[PDB]
Each structure stands twice: as C-alpha cells, then as structure tokens.
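Note: the block below is run-v1.csv and it holds CSV, C-alpha atoms and all ligand atoms.
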chain,number,residue,atom,x,y,z
A,3,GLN,CA,106.0,66.6,98.2
A,4,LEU,CA,109.2,66.6,100.3
A,5,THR,CA,109.6,64.2,103.3
A,6,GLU,CA,110.3,65.4,106.8
A,7,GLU,CA,113.8,63.9,106.5
A,8,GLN,CA,114.5,65.9,103.4
A,9,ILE,CA,113.3,69.0,105.0
A,10,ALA,CA,115.5,68.4,108.0
A,11,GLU,CA,118.5,67.8,105.8
A,12,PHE,CA,117.9,70.9,103.7
A,13,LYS,CA,117.4,73.0,106.9
A,14,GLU,CA,120.8,71.8,108.2
A,15,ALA,CA,122.5,72.8,105.0
A,16,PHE,CA,120.6,76.1,104.9
A,17,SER,CA,121.6,76.9,108.5
A,18,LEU,CA,125.3,76.6,107.7
A,19,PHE,CA,125.0,79.7,105.4
A,20,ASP,CA,122.7,81.8,107.6
A,21,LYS,CA,125.6,82.9,109.7
A,22,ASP,CA,123.8,85.7,111.5
A,23,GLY,CA,120.9,83.4,112.3
A,24,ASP,CA,118.3,85.9,111.0
A,25,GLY,CA,116.6,83.3,108.9
A,26,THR,CA,117.8,84.4,105.5
A,27,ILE,CA,120.8,84.0,103.2
A,28,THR,CA,122.0,86.2,100.4
A,29,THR,CA,121.1,85.2,96.8
A,30,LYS,CA,124.8,85.1,96.3
A,31,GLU,CA,124.9,81.9,98.4
A,32,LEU,CA,122.1,79.9,96.6
A,33,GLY,CA,124.5,78.0,94.3
A,34,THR,CA,126.8,77.1,97.1
A,35,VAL,CA,124.0,75.7,99.3
A,36,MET,CA,122.5,73.8,96.3
A,37,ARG,CA,125.9,72.3,95.5
A,38,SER,CA,126.4,71.3,99.1
A,39,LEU,CA,123.2,69.2,98.8
A,40,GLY,CA,124.4,67.6,95.5
A,41,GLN,CA,122.5,69.7,93.0
A,42,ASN,CA,124.5,71.3,90.2
A,43,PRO,CA,122.4,74.0,88.6
A,44,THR,CA,124.0,75.8,85.6
A,45,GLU,CA,124.7,79.5,86.1
A,46,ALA,CA,121.7,80.3,83.8
A,47,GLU,CA,119.4,78.2,85.9
A,48,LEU,CA,120.7,79.8,89.1
A,49,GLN,CA,120.3,83.3,87.7
A,50,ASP,CA,116.7,82.5,86.7
A,51,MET,CA,116.0,81.1,90.2
A,52,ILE,CA,117.5,84.2,91.8
A,53,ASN,CA,115.5,86.6,89.6
A,54,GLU,CA,112.4,84.8,90.7
A,55,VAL,CA,112.9,84.4,94.4
A,56,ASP,CA,114.4,87.9,94.6
A,57,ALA,CA,111.5,89.5,92.7
A,58,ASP,CA,111.0,92.0,95.6
A,59,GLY,CA,114.7,93.0,95.2
A,60,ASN,CA,115.6,92.5,98.9
A,61,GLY,CA,118.4,90.0,98.0
A,62,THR,CA,117.2,87.6,100.7
A,63,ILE,CA,116.2,83.9,100.6
A,64,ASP,CA,114.5,82.3,103.6
A,65,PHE,CA,114.0,78.6,104.4
A,66,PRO,CA,110.5,78.1,102.9
A,67,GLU,CA,111.8,79.8,99.7
A,68,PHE,CA,114.8,77.5,99.6
A,69,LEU,CA,112.5,74.4,100.1
A,70,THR,CA,110.4,75.7,97.2
A,71,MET,CA,113.4,76.0,95.0
A,72,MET,CA,114.7,72.6,96.0
A,73,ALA,CA,111.3,71.2,95.4
A,74,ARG,CA,111.1,72.8,92.0
A,75,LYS,CA,114.7,71.7,91.2
A,76,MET,CA,113.8,68.1,92.2
A,77,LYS,CA,110.9,68.0,89.8
A,78,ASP,CA,113.5,68.7,87.2
A,79,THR,CA,116.5,66.4,87.9
B,4,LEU,CA,108.2,92.7,87.1
B,5,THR,CA,107.4,96.4,86.4
B,6,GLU,CA,106.9,98.7,89.3
B,7,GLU,CA,103.2,98.9,88.2
B,8,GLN,CA,102.8,95.1,88.4
B,9,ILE,CA,104.5,95.0,91.8
B,10,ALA,CA,102.1,97.7,93.0
B,11,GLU,CA,99.1,95.8,91.7
B,12,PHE,CA,100.2,92.6,93.3
B,13,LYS,CA,100.8,94.3,96.7
B,14,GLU,CA,97.3,95.9,96.6
B,15,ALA,CA,95.8,92.5,95.8
B,16,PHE,CA,97.8,90.7,98.6
B,17,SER,CA,96.7,93.3,101.1
B,18,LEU,CA,93.0,92.7,100.2
B,19,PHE,CA,93.5,89.4,101.9
B,20,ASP,CA,96.1,90.0,104.5
B,21,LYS,CA,93.7,91.9,106.7
B,22,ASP,CA,95.6,91.1,109.9
B,23,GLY,CA,98.8,92.6,108.5
B,24,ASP,CA,101.1,89.8,109.5
B,25,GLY,CA,102.3,89.7,105.9
B,26,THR,CA,100.9,86.3,105.3
B,27,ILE,CA,97.8,84.7,103.8
B,28,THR,CA,96.9,81.0,103.5
B,29,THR,CA,97.1,78.7,100.4
B,30,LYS,CA,93.3,78.4,100.4
B,31,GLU,CA,93.1,82.0,99.3
B,32,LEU,CA,95.5,82.0,96.4
B,33,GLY,CA,92.8,81.4,93.8
B,34,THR,CA,90.7,84.4,95.1
B,35,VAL,CA,93.7,86.7,95.2
B,36,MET,CA,94.5,85.9,91.6
B,37,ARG,CA,90.8,86.5,90.7
B,38,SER,CA,91.2,89.9,92.3
B,39,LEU,CA,93.8,90.5,89.6
B,40,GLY,CA,91.4,89.5,86.8
B,41,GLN,CA,92.8,85.9,86.4
B,42,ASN,CA,90.9,82.7,86.5
B,43,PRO,CA,93.5,80.0,87.2
B,44,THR,CA,92.3,76.3,87.0
B,45,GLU,CA,92.2,74.1,90.0
B,46,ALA,CA,95.1,72.1,88.6
B,47,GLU,CA,97.2,75.3,88.0
B,48,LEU,CA,96.5,76.4,91.6
B,49,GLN,CA,97.5,72.9,93.0
B,50,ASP,CA,100.8,73.1,91.1
B,51,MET,CA,101.6,76.6,92.5
B,52,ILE,CA,100.5,75.5,96.0
B,53,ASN,CA,102.5,72.3,96.1
B,54,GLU,CA,105.6,74.3,95.4
B,55,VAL,CA,105.2,77.4,97.6
B,56,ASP,CA,103.9,75.1,100.4
B,57,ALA,CA,106.8,72.6,100.3
B,58,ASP,CA,107.2,73.2,104.0
B,59,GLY,CA,103.6,72.2,104.7
B,60,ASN,CA,102.7,75.3,106.7
B,61,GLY,CA,99.9,76.4,104.4
B,62,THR,CA,101.2,79.9,104.4
B,63,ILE,CA,102.1,82.4,101.6
B,64,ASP,CA,103.9,85.7,102.2
B,65,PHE,CA,104.3,88.7,99.9
B,66,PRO,CA,107.7,88.0,98.5
B,67,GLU,CA,106.5,84.4,97.7
B,68,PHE,CA,103.4,85.8,96.0
B,69,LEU,CA,105.6,88.1,93.8
B,70,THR,CA,107.9,85.1,93.0
B,71,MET,CA,104.9,83.0,92.1
B,72,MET,CA,103.5,85.8,89.8
B,73,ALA,CA,107.0,86.1,88.2
B,74,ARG,CA,107.2,82.4,87.6
B,75,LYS,CA,103.6,82.2,86.2
B,76,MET,CA,104.6,85.0,83.7
B,77,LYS,CA,107.4,82.8,82.3
C,101,MG,MG,121.2,85.5,107.5
C,102,MG,MG,113.9,87.6,99.9
C,103,MG,MG,97.7,87.6,107.3
C,104,MG,MG,104.5,79.4,103.8
C,105,MG,MG,109.2,84.3,103.6
Rewrite the structure of this file - the entire thing - as structure tokens.
Amino acid sequence: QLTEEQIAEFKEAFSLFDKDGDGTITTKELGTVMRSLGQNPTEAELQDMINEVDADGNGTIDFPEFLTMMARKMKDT
Amino acid sequence: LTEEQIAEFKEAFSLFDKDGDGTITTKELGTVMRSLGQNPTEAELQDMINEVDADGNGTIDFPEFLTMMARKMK
C-alpha cells in the first residue's frame, strides 16, 4: 500500500489546494496537485481520472479519493 | 454512467448504509456487488479494496462506490 510518510506528504500537497479548508478540491486542480508531487499524467490520463472520480458529477475530489488516484497512478509509473 | 445505473448503484449502497452516514465498510463490498447481480472474485475485490482503502480507514462512501463501478466498467 502507501506508507504513513507518503500519506502525510500527499496530504500536505492536497492541503495547499483546498483553500477553503472544506476537505475537497475541484477536479480542475487534480493535474496541478499531481505535478506538485512529481507525477506528470497526460491530459488524456487526467481526463479519465477526473471522469472516474467525478462520476457523481459534483466536481469534488476529497483526500481519500486523491490517495486512491495517487495509489493507482503509482501502480502505473 | 447512465442515470439508470447511478440509480441502481444508490439503491444497492443504501441497502447496506442503514445508519445513513453515507459510508459502508470494505468488508461489505462483495455483498453490495452481489446485490447488483455480480459475483466478483476474492482477488478482484482485494484489488478494488486496496485502491479505495489507500488511507487504511476501511471505509467506502457513495461517490467512491460510483467511481469503483465506473472503473470496473472500463
Ligand atoms: Mg475546498
Ligand atoms: Mg467528489
Ligand atoms: Mg453507514
Ligand atoms: Mg474510506
Ligand atoms: Mg469521500
């Protein structure tokens, strides 16, 4: 899985983009947060990720969802 | 996801989220999927669980279930 250090680091990055502190970020920020952590998903990969995480159409990504996407992205690096 | 599918998924999720906190546990994912007429293998379930439960809390909420169903359909 992910370590407790990886989770802490991902949470710090995530926190930088949740500027209202409500626990979510917009899907429009996913690429930016991933790039801040050194990942460089293509626009196609990013759009696929967004369609999936945003299946409910609320346009929100929360921290467990971000970890899931990082975890999925790290199985494919 | 069609509106029908989303509706079917929400009905299924609700079958298990009887306390209404919008959350079920990872232990229940297999049974939820069976309620939809699917018979995922233990290996498939472990794969889904390891991903959605990256944070180690053992919890699945409804948006996550939808995402998992969407990802399983690809
Ligand atoms: Mg926010
Ligand atoms: Mg959301
Ligand atoms: Mg519940
Ligand atoms: Mg959870
Ligand atoms: Mg959530």
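CA of residue 66 (chain B) is positioned 14.2 Å from CA of residue 54 (chain B).
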Counting all atoms listed in the file, which residues of chain B sit at most 8 Å from some atom of chain A, and what is each one's closest atom pair with its distance in Å to one decimal, listed by chain and rising residue number, as a tab-separated table?
residue	atom	partner	partner_atom	distance
B:4	CA	A:57	CA	7.2
B:53	CA	A:3	CA	7.0
B:54	CA	A:70	CA	5.3
B:55	CA	A:70	CA	5.5
B:56	CA	A:70	CA	7.3
B:57	CA	A:70	CA	5.7
B:58	CA	A:66	CA	6.0
B:66	CA	A:58	CA	5.9
B:67	CA	A:55	CA	7.2
B:69	CA	A:57	CA	6.2
B:70	CA	A:54	CA	5.1
B:71	CA	A:54	CA	7.8
B:73	CA	A:54	CA	6.1
B:74	CA	A:54	CA	6.5
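Across B:16, B:65, B:43, B:38, the tightest approach to ligand MG 102 (chain C) is made by B:65 when counting all atoms listed in the file.
Selecting all polymer residues at most 7 Å from ligand MG 101 (chain C), using only C-alpha atoms and all ligand atoms, gives residues 20, 21, 22, 23, 24, 25, 26 and 27 of chain A.
In this model, the gap between atom MG of ligand MG 102 (chain C) and CA of residue 25 (chain B) comes to 13.2 Å.
Interatomic distance, CA of residue 41 (chain B) against CA of residue 5 (chain B): 18.0 Å.
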### Message
Could you list, as a PyMOL selection string, every residue within 10 Å of residue 35 (chain A), counting all atoms listed in the file and ignoring same-chain residues fewer than 6 positions away?
### Response
chain A and resi 12+15-19+27+41+68
Using all atoms listed in the file, which protein or nucleic acid residues come within 12 Å of residue 45 (chain A)? Drop anything in the same chain fewer than 4 positions from it, and give the result as an mmCIF file with C-alpha atoms, in the coordinates of the input.
data_model
loop_
_atom_site.group_PDB
_atom_site.id
_atom_site.type_symbol
_atom_site.label_atom_id
_atom_site.label_comp_id
_atom_site.auth_asym_id
_atom_site.auth_seq_id
_atom_site.Cartn_x
_atom_site.Cartn_y
_atom_site.Cartn_z
ATOM 1 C CA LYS A 30 124.800 85.100 96.300
ATOM 2 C CA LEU A 32 122.100 79.900 96.600
ATOM 3 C CA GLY A 33 124.500 78.000 94.300
ATOM 4 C CA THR A 34 126.800 77.100 97.100
ATOM 5 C CA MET A 36 122.500 73.800 96.300
ATOM 6 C CA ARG A 37 125.900 72.300 95.500
ATOM 7 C CA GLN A 49 120.300 83.300 87.700
ATOM 8 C CA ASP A 50 116.700 82.500 86.700
ATOM 9 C CA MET A 51 116.000 81.100 90.200
ATOM 10 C CA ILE A 52 117.500 84.200 91.800
#
### Query
Using all atoms listed in the file, what residues lie at most 12 Å away from (94.2, 90.5, 88.9) (file coordinates), given as a PyMOL selection string?
chain B and resi 8-16+18+32-43+72
### Query
Once you count all atoms listed in the file, which residues end up no further than 9 Å from (99.7, 75.7, 104.8) in the file's frame, shown as a list in words?
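The distance filter leaves exactly residues 28, 29, 30, 52, 56, 57, 58, 59, 60, 61, 62 and 63 of chain B.
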### Query
Residues within 7 Å of ligand MG 103 (chain C) (only C-alpha atoms and all ligand atoms), as a PyMOL selection string?
chain B and resi 20-27
### Task
Point out the residue among A:47, A:39, A:64, A:75 with the least atom-to-atom distance to ligand MG 102 (chain C), counting only C-alpha atoms and all ligand atoms.
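Between A:47, A:39, A:64, A:75, the residue approaching ligand MG 102 (chain C) most closely is A:64.
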